[PDB]
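Asker: Fold the following.
(chains A, B, C and D)
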Amino acid sequence: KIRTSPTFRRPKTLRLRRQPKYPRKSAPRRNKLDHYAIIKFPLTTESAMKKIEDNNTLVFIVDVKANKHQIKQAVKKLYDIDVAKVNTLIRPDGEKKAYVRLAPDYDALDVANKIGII
Amino acid sequence: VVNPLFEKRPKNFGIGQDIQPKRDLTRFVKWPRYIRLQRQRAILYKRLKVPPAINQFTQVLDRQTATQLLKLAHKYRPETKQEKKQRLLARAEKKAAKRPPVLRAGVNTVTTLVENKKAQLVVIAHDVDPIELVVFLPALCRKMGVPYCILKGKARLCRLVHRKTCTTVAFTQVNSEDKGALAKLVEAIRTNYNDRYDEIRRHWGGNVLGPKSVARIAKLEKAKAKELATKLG
RNA sequence: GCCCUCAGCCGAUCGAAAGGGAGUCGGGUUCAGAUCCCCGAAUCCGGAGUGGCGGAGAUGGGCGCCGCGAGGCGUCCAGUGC
RNA sequence: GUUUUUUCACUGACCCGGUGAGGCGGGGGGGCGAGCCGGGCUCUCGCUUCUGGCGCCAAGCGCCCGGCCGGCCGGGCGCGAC
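Answerer: Residues are numbered from 1 along each chain as shown, chains lettered A, B, ... in the order given. Shown next is the protein structure:
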């Protein structure tokens, strides 16, 4: 072995990982934000129902921490219905307004009549 | 016989002809500060002037006498720490149903029995880091008449007994079976270390510079010796 | 997971909605929204375990013959282009 | 042996320059040439000057071992920049 580089390089000495005896916290955090709480309510406005009858969409009021895929999974777990795409805005009053596009096999007026609202 | 398709290709290593290979650059590699300091610390003993109180450490006992002293000290080694607990358990069983002479250690035990005049031989390390512990002891053992030797390795001196390090070792009591072999070592150490302490006090040392400086001085010295041989004549 | 072997850079990071800065046009649609909703045509990037298929790679040249000739046997090679 | 001043020169204190802290000092070896008598003294030298490309991951000699059935396959260590 000969000293090749004139710069003294520090070799890969040692590092380890956590092998504890007991963890830090006792009770871990569970899923606080539930699927019933992540979807608050739909908007029953006359122009909104006209938009639902026209373009076959749905207008939901969603919590701001949710994502566009999380709205799709939260609707698919509860109501068992497919979602084409999700388009969300945020109102100036401080609420998220989603636009869930449905597939034409399940009608939006029919799924509204199933849950009861009109 | 051989295949003529293979061709010898001599790459002549020259400036502007071929690239140069690597080399052992142990002086050219930038060493770290602590390595450079601990390497120049041994150089500082050669460069600077050495007083005789430090120069007396340079006298080292030779290999045959050192191995003979280690073989003599191997006979009177203390027992194991587990054997101490086994001997205490045997004493407890003897109670339910006089120490042998050993070798001492540590300067606070040794130096008191030096003036109490119980030891016969002293073993000192040569490169101990608390250097202030040693200095007064050879000068005092010269006046007391106790032989002292300077051996190699405080670690191997301490690992004889069930310890790690040891500063000084005193040979307090031996039996009659190991008397003449100890007395020959006492006579050898007394003729080696003790009987020329008046030359140890007057023997100055150090002032040995680098070999580049020695060669640069000796080149001019040989040049002057050559010029004086044919200058006037 | 260990032992060999190799690697440069001017030093973490911040710093432009007038700097560099991939990937959509028209039509209609509401009392208030349009490159955002709808229709009809499009384009770029990422992944893919058996990549699901088409195509180069890829299919030729020389010898012994059989065979009227086609065509196929054994023996030598060419191939990561015109 | 002790004390005052002058001359010098170190280096191991102190000040400054650069680097990726890359070829520092001696002994010894080789081509060519010099004076003295095929021997010895020291000096000399140590690969690139014809045109806007370039030489980056050694060849070559030796010393040994493993596997397969004297022959094939795969490796290690030196001289090679005294």
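
Asker: Show the contacting residues for the spatially most central residue of chain A.
Answerer: Nearest to the mean C-alpha position of chain A, by Cα atoms, centre = their mean, lies residue A:70 at 2.1 Å. Taking Cβ atoms under 8 Å, 6 or more residues apart in numbering or on different chains, we find residue A:70 in contact with residue A:38. The C-beta positions use only the backbone N, C-alpha and C, and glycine is treated the same way.

Asker: that's a helix at it, yeah?
Answerer: Yes: Residue A:70: assigned to a helix according to DSSP: H, G, I helix; E, B strand; the rest coil.

Asker: residues near residue B:167, how many?
Answerer: Neighbours of residue B:167 under the rule other Cβ atoms under 10 Å in any protein chain shown: 20.

Asker: mind checking how far it is from chain A?
Answerer: 33 Å (Cβ to the nearest Cβ, to the nearest Å).

Asker: shouldn't that residue be in contact with residue B:127?
Answerer: No: between residue B:167 and residue B:127 there is no contact under Cβ atoms under 8 Å: 12.0 Å.

Asker: Please list the residues of chain A that sit near chain B.
Answerer: A:2-8 (Cβ under 8 Å from any Cβ of the partner chain).

Asker: chain center to the longest helix seen in chain B, what's the gap?
Answerer: Secondary structure of chain B per DSSP state H: the longest helix is helix B:211-230. Distance of helix B:211-230 from the chain centroid (Cα atoms, centre = their mean, to the nearest Å) equals 35 Å.

Asker: Also stretch A:63-76?
Answerer: 3 Å.

Asker: Can I get that stretch in CSV, CA atoms only?
Answerer: In CSV, the C-alpha atoms belonging to stretch A:63-76 read as follows (Å, rounded to 0.1, in the frame of the first residue of the first chain):
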residue,chain,number,x,y,z
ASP,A,63,-61.9,19.8,5.1
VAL,A,64,-58.8,21.7,4.0
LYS,A,65,-56.3,19.1,5.1
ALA,A,66,-57.7,16.6,2.5
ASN,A,67,-56.2,15.9,-0.9
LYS,A,68,-57.9,15.3,-4.3
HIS,A,69,-57.0,11.6,-4.1
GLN,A,70,-58.1,11.5,-0.4
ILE,A,71,-61.6,12.8,-1.4
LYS,A,72,-61.7,9.9,-4.0
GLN,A,73,-60.7,7.3,-1.4
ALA,A,74,-63.1,8.7,1.2
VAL,A,75,-66.1,8.7,-1.2
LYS,A,76,-65.1,5.2,-2.5
